[PDB]
Each structure stands twice: as C-alpha cells, then as structure tokens.
Undergrad: 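So that we are looking at the same thing, I have put the structure below in structure tokens.
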Amino acid sequence: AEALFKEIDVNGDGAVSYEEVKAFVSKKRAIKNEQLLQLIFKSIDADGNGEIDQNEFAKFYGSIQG
Amino acid sequence: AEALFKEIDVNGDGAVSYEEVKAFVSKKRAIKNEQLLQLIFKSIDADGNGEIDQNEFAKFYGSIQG
Amino acid sequence: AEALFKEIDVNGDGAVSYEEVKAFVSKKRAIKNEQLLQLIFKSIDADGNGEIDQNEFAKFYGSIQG
Ligand SMILES: [Ca+2]
Ligand SMILES: [Ca+2]
Ligand SMILES: [Ca+2]
Ligand SMILES: [Ca+2]
Ligand SMILES: [Ca+2]
Ligand SMILES: [Ca+2]
C-alpha cells in the first residue's frame, strides 16, 4: 500500500515507527467516530439546514422510529 | 421529547447543532461509565463506609465470585 | 489478592477509594491497549529493528494476509 504507507509515515523518512502507528490508529478511530456521528446528524436534519429543530427531533424519536 | 431537546439544546436557541449533539453523546457516555463503576464500587464496599478494605476486596476476588 | 490491593491502594492507607478504583481501571485499560498495539507492531516489524519498512508493511497487507 503506497499513499497509505506515506500517510502513516508522517516525518517522511521511509520507516513507520511505533509512535506513528499509534498516532495513525488513533486518528483513524477519531475520523470513523466523526463520520458516523455526522451521518446520524445529517439523517435527523431532514431539511439539511444544519440544525435539528424540535420537529425533526420529534420524528426521530418514538421508542426511536423515524 | 421535551426536556430532552432542551437538555441537548444547550445555548437555548431552539436548534440542536452538531456541536451540541456531539457534546451530548459525549457526556451521556461519561455518565454511563461513572454509574456502572460506582455501582461496581458500591457492591464491593459491603458496609457502605465509602472505601474497600482488604476483606471486602478479598470476598470479591476468587477467580471472582463474591 | 495482596500486591494487587497494594497496587490499587496508591496512597497506602489500607483503604481502596473510588478515585483509586477509577484510576486503576483507567490505567489497566491503557496498558492493555499498549500491549496489543506493540504486539501488532512487533509482528509487522519482521526483522525487529524497531521500524516498519515498506516491505514489511507490504507483506502484512493484501486484503491483509501476511
Ligand atoms: Ca517515519
Ligand atoms: Ca433542519
Ligand atoms: Ca442550540
Ligand atoms: Ca467498606
Ligand atoms: Ca487508599
Ligand atoms: Ca523492521
């Protein structure tokens, strides 16, 4: 894997160190968490204005079905 | 959900933003972790004085059965 | 459990407090995470020089089989 090795190899010296594997696994996890939250947000925000009003919020709930 | 929408809507402007959903999911998780730990503590602290002595600690263990 | 109670009982007063149980569960988790990451690192670092070169990295990948 090429851009992947370069992405992990942050100081660009050809070697992936322990710190770098650790910083990588760490940010990979953070990114995955954001994407899921955003996707959940976007799905509740039915009109896409970027905020959830009490109505959008109301549909979503109901022993959650919405 | 009413007090719930108000609880998430922290700056009180009627709209639940992404930051607020994120701060909410975050503190909800923190609270759930505390409650479980405390419940586990309270259960080991057999006399409720608020500290676990070596005896209370001893029963609890035993390839944990106590 | 003896060294274990002493390990958790950080200020050495004979009683394991809530803070101490919480600090303990916390560092236990951190240690377990490190050990797994290191073991995964060590396994990719096929020659043990302490860094993963593109070759060691390449074997490891392949719809990961290596
Ligand atoms: Ca590097
Ligand atoms: Ca909206
Ligand atoms: Ca708001
Ligand atoms: Ca006690
Ligand atoms: Ca103590
Ligand atoms: Ca190596």
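Reckoned from all heavy atoms, side chains included, excluding hydrogens, waters and symmetry mates. Here is how names work: the chains are called A, B, and so on, in the same order as the sequence lines, proteins then strands, and each is numbered from 1. In each ligand, atom 1 is the first atom listed, and ligand 1 is the first ligand listed.
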Undergrad: Which residues pass the side chain to side chain contact (heavy atoms under 4.5 Å, CB included) test with C:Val10, sequence neighbours left out?
TA: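 Listed in chain order: C:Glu20.
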
Undergrad: Would you say the Ca ion (ligand 1) has A:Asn11 as a near neighbour, meaning an N/O/S atom of that residue under 3.0 Å away?
TA: yes

Undergrad: If you take all heavy atoms of A:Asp45 and A:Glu51, which pair is closest and at what distance?
TA: OD2-N, 3.3 Å

Undergrad: If only atom types and distance count, is the side chain of B:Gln38 paired as donor or acceptor with the main-chain N or O of B:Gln35 below 3.5 Å?
TA: no

Undergrad: For residues 4-13 of chain C, pull every pair meeting salt bridge (charged side-chain N to carboxylate O under 4.0 Å, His left out), keeping only residues two or more places apart or in separate chains.
TA: C:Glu7-C:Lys27

Undergrad: Tell me the angle that OE1 of C:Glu20 and OD1 of C:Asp13 form around the Ca ion (ligand 5), rounded to 10°.
TA: 150°

Undergrad: Taking the side chain as every heavy atom from C-beta outward, state whether A:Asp47 and A:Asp53 have any atom pair closer than 4.5 Å.
TA: yes

Undergrad: Taking ring pair (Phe, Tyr, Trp, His ring centres under 6.0 Å) as the definition, give me every residue that meets it alongside A:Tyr18, ordered by chain and number, with sequence neighbours left out.
TA: C:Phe41

Undergrad: No waters, cut-off 3.0 Å: how many protein N, O or S atoms are close to the Ca ion (ligand 6)?
TA: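 N, O or S atoms of the protein closer than 3.0 Å: 6.
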
Undergrad: Taking side chain as C-beta onward, heavy atoms only, is A:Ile8 less than 4.5 Å from C:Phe57?
TA: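 Yes, side chains in contact.
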
Undergrad: Which of the N/O/S atoms in C:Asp9 sits closest to the Ca ion (ligand 5)?
TA: OD1

